[PDB]
Ligand SMILES: *[C@@H]1O[C@H](CO)[C@@H](O)[C@H](O)[C@H]1NC(C)=O
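What follows is the structure, given as structure tokens:
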């Protein structure tokens, strides 16, 4: 009996967040710290397809 | 070389006292997934084991 808040289509999350270097051969993962956001949210929208 | 085996009969290569160069090993490959546990990806290529 509470409809004023809505519901999305589905839940979604990120399972891999790394970066390529200039050699295009090595991958460096990123670890988000407390109360910030990893830069890899700049390439994936709020809803993963 | 040769036909690779399935997951339940993988073939082993042991390495003790030999020179390894992954810059010429993995150059013949293309990494789709690279995951590691308890060490960094860059720890293997530099630290002597
Ligand atoms: C920032 O703008 C670029 C320009 O198209 C876009 O590709 C990217 O998704 C945007 N990032 C966010 C978090 O909206």
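Residue numbers (the deposited numbering), protein chains in the order written: chain C, 487 to 535; chain A, 390 to 438. Built from N, CA and C at the ideal position, the CB exists for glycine as well.
Is it true that the CB of residue j sits closer than 8 Å to the CB of residue i?
i, j, result
"residue 515(C)", "residue 504(C)", "yes"
"residue 508(C)", "residue 533(C)", "no"
"residue 524(C)", "residue 518(C)", "yes"
"residue 414(A)", "residue 434(A)", "no"
"residue 513(C)", "residue 430(A)", "yes"
State the CB to CB distance for the pair residue i and residue j, rounded to an integer number of angstroms; the pair is presumed to be in contact (CB under 8 Å).
i, j, result
"residue 491(C)", "residue 526(C)", "The pair is not a contact, with the Cβ atoms about 28 Å apart (cut-off 8 Å)."
Of all the residues that make up the region 415-431 of chain A, which are near chain C by a beta-carbon distance shorter than 7 Å? Per Cβ criterion, the list reads 423 and 430.
Could you name each continuous alpha helix (DSSP H) segment of 4 residues or more that falls completely within the region 510-534 of chain C, going from the start of the chain to the end? Counting only runs of 4 or more, we get nothing.
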